[PDB]
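Chains B and A, in that order, are what the protein sequence lines are. FYI, in PDB author numbering the residues of the first sequence are 23 to 301. FYI, in PDB author numbering the residues of the second sequence are 24 to 301. In this text, a Cβ means the ideal position worked out from N, Cα and C, and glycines have one as well.
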Amino acid sequence: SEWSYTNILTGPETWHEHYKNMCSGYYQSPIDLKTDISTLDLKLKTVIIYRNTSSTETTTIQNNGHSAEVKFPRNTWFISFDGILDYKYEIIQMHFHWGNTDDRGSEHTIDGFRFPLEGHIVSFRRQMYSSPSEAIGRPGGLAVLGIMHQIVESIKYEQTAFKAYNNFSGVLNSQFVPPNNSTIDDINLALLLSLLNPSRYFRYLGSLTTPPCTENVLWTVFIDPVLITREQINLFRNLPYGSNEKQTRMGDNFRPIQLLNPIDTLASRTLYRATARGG
Amino acid sequence: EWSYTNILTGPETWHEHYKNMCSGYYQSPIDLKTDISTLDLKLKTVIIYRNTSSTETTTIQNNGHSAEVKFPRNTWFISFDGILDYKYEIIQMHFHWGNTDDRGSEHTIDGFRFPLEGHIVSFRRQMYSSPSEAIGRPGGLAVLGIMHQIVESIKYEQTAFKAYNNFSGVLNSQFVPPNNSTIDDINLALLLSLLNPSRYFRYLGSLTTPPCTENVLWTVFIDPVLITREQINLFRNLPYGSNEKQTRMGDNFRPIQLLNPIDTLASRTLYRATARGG
Ligand SMILES: *[C@@H]1O[C@H](CO)[C@@H](O[C@@H]2O[C@H](CO)[C@@H](O)[C@H](O)[C@H]2NC(C)=O)[C@H](O)[C@H]1NC(C)=O
Ligand SMILES: NS(=O)(=O)c1ccc(CCNC(=S)Nc2ccc(I)cc2)cc1
Ligand SMILES: NS(=O)(=O)c1ccc(CCNC(=S)Nc2ccc(I)cc2)cc1
Ligand SMILES: *[C@@H]1O[C@H](CO)[C@@H](O)[C@H](O)[C@H]1NC(C)=O
Ligand SMILES: *[C@@H]1O[C@H](CO)[C@@H](O)[C@H](O)[C@H]1NC(C)=O
Ligand SMILES: *[C@@H]1O[C@H](CO)[C@@H](O)[C@H](O)[C@H]1NC(C)=O
Ligand SMILES: *[C@@H]1O[C@H](CO)[C@@H](O)[C@H](O)[C@H]1NC(C)=O
Ligand SMILES: [Zn+2]
Ligand SMILES: [Zn+2]
């Protein structure tokens, strides 16, 4: 509402001035994920996403004016980074970033390459913090998974990411206006993760990619994309932007690339990478 | 003599010309049916791993029916149980593709054909001392099926051809049968990391070319690795062998077989694996 992607008064170039804590920082996201300048760390294990089977509550999705954001009910979806299914990270939401055109859209790049859509699965560190509102603002409170998606011409519906999303229960269209929300069938996040290799990813400490760009995010970005069709990406593009945006249709809702180590950093960060127990 | 495209020697005739075992009831490929398969949680992630002290060369041949990578002995292995103790040793990798982008794979998944199916062939070194003893004996072989799908937008480094090191450029019109060329080693571990190695169909079946021996433990990964139209067209530049009717190599896949033909004496089951978590 005080920031946008496309209105030059409030757009990404202004965030460092409008939200200095912390959009002016030097641990910002997204970054270029560079295979050659990253350190392989064999101790980083396969990611698991898993559901509390006795959870009953509804999932919703909202056009928040900046993105399409799925809101998961509490105590329902989890991430494990350590092989133990003990509720260390609890998923809160998933939102999406895409392009006006198929050659751009993602926040992260991989060796300079932009994907048409990047999904962000946002969790809080339940191991330490009892609620999301406690975690969102505090050191080390968040972990986000970045899921790239690529467009293919030939695929069965059932093998695309939209199958895991249950097609968003058909809710995406021009009438889905900010700030409306709608109930949807649940997203099968375990199926989504099975559509890529969950051992192969970049890992680094960074930030939220929208203001206030808090530097409290443990980032994991999977290298292999899940697959969607051109028709599916088009469903996002019919969403309208909020009125504080210049462009009418929602698209190009991604932040410009940040450096891993701007010149003013007082302690450099390292980009790590993981791969499966093999090779 | 056999072929894919000559109606006189082609797949419809294999059951008669090679009755052992192309007339059997445990033949491959099959349609891999998600709904009519049994999830078996005990089936673990597949690992491919290299003996880092091997230095022997890899080669590729146009054998007249496919392009076949031949790996040196004692070099590349598969583990299905998480232990790296050389139970399965990889022998070769070959490929099946179509004249057009909408067919080419031997297996289907829920009826869908992919443009290119790779077959990583290994022998059960746990029981048999050499590829030549395992290839015609019970339980001798295990093959991995790798589906590939065409994308328009991708960097070369993220395509399967990075793992293949472009086959050192040997895929071209002048690569005539039965020439063989030395190639850079194929990074099969990287290839496997391009898909989810816990998510696969598993069943007992057969070689997909004569003599169709019924001694193959099949593993077919569900998620495809990615290639470009340019890359698929390289395979289509290869010439077929002189006993094919078609000139350029393509449609070198066997028709779909049933999991359980009517005459079967003991039905087989299609299994499915997925990663721990859900
Ligand atoms: C997935 O969701 C979309 C809606 O977001 C469905 O698209 C609709 O298709 C029918 C016409 O056959 C009409 O209701 C509308 O023209 C479409 N909506 C828009 C905006 O395109 C689509 O059918 C769904 N797909 C599946 C497989 O369920
Ligand atoms: N693009 S990104 O992935 O880097 C990113 C992620 C998240 C944010 C905003 C945080 N707000 C949340 S999750 N609110 C919230 C959380 C719990 C509850 I109960 C109510 C509200 C910004 C950017
Ligand atoms: N399409 S398929 O994947 O079902 C399939 C069909 C046919 C074969 C049999 C080929 N025999 C081999 S591997 N001879 C061989 C033995 C030792 C050596 I050194 C080199 C080669 C294998 C796989
Ligand atoms: C699982 O769901 C039940 C009922 O909603 C809930 O009371 C329980 O706490 C949940 N378990 C978690 C969050 O680990
Ligand atoms: C979502 O929509 C309804 C109906 O318009 C509204 O009353 C409700 O408070 C909204 N809830 C959320 C999740 O913001
Ligand atoms: C690995 O290769 C070395 C040297 O090439 C060889 O002597 C050794 O047997 C191999 N290890 C195996 C096959 O397990
Ligand atoms: C493989 O193919 C393309 C050539 O057009 C290229 O960009 C890539 O560098 C080649 N790599 C090797 C190892 O030859
Ligand atoms: Zn985001
Ligand atoms: Zn084969």
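When C-beta atoms of the segment 276-292 of chain A are compared with those of the segment 250-262 of chain A, fewer than three pairs fall below 8 Å, so the two segments do not count as touching. For the 8 Å CB-CB criterion, residue 168 of chain A and residue 242 of chain A form a contact. Per the CB criterion, closer than 6 Å to any heavy atom of ligand 5, the qualifying residues run in chain order as B/82 and B/203.
Around the C-beta of residue 129 of chain B, 16 or more other C-beta atoms lie within 10 Å, and the residue is accordingly described as buried. Proximity of chain B to residue 206 of chain A at the Cβ level (cut-off 8 Å) is not reached, the minimal Cβ distance being about 20 Å. Annotation for residue 296 of chain B: no alpha helix (DSSP H) segment contains it, though the beta strand (DSSP E) segment containing it runs 294-296. Nearest Cα to residue 30 of chain B within the set B/71, B/249, B/262 and B/269: B/269. With contacts defined by Cβ atoms closer than 8 Å, residue 81 of chain B and residue 209 of chain B form a contacting pair.
Per DSSP, the unbroken beta strand (DSSP E) holding residue 117 of chain A starts and ends at 111-120. Ligand 3 has no heavy atom closer than 7 Å to the beta-carbon of residue 280 of chain A.
In the three-state DSSP reduction, residue 205 of chain B falls in the strand class (E or B). Not one heavy atom of ligand 6 is found less than 7 Å from the C-beta of residue 145 of chain A. Taking a Cβ-Cβ cut-off of 7 Å, the neighbours of residue 300 of chain A in chain B comprise 70, 71, 72 and 212, given in sequence order.
In the three-state reduction of the DSSP assignment, residue 187 of chain B falls in the coil class, being assigned neither a helical nor a strand state.
Taking 8 Å as the cut-off between beta carbons, the residues of the segment 165-191 of chain A near chain B are 172, 173, 174, 175, 176, 177, 178, 180 and 181, in sequence order.
A direct Cα-Cα distance of roughly 8 Å separates residue 132 of chain B from residue 245 of chain B. From the listed residues A/42, A/272 and A/221, the smallest Cα separation to residue 120 of chain A is found for A/272. For residue 96 of chain A, the closest of A/79, A/105 and A/102 by C-alpha to C-alpha distance is A/79. Scanning chain A for C-beta atoms nearer than 7 Å to the C-beta of residue 216 of chain B yields 219, 222, 297 and 298, reported in chain order.
For residue 240 of chain A against residue 291 of chain A, the beta-carbon gap comes to about 12 Å, at or over 8 Å, which does not count as contact.
A contact between stretches requires three or more CB pairs, one per stretch, nearer than 8 Å, and the segment 68-77 of chain A meets this requirement with the segment 213-230 of chain A. Per DSSP, residue 96 of chain B is not a residue of any beta strand (DSSP E), being assigned neither H nor E. Residue pairing for residue 286 of chain B: DSSP places it in no beta bridge. Against chain B, the beta carbon of residue 124 of chain A has neighbours under 9 Å at 175 and 176, listed in chain order. For residue 133 of chain B, the chain A residues whose C-beta falls within less than 8 Å of its own C-beta are 178 and 180, listed in chain order. Exclusion of residue 249 of chain B from the 7 Å shell around ligand 1 follows from its C-beta lying no nearer than that to any non-hydrogen atom of the ligand. Pairing residue 217 of chain B with residue 183 of chain B gives a Cβ-Cβ distance under 8 Å.
Counting along the chain, the unbroken beta strand (DSSP E) around residue 71 of chain B starts and ends at 70-73. For residue 274 of chain B, none of the residues of chain A pass the 8 Å Cβ criterion, the least Cβ distance being about 17 Å.
Contact of residue 246 of chain A with chain B is assigned, a C-beta pair being separated by under 8 Å.
The residue from B/288, B/280, B/296 and B/289 with its alpha-carbon nearest to that of residue 50 of chain B is B/280. When secondary structure is reduced to three states using DSSP, residue 140 of chain B falls in the strand class. Unbroken alpha helix (DSSP H) stretches of 4 residues or longer found wholly inside the segment 226-277 of chain A: 252-259, given in chain order. The residue from A/54, A/35, A/212 and A/91 with its alpha-carbon nearest to that of residue 261 of chain A is A/91.
Collapsing the DSSP output to three states places residue 168 of chain B in a strand. Using a cutoff of 7 Å, the CB of residue 242 of chain B does not count as near ligand 8, since none of the ligand's heavy atoms is closer than that.
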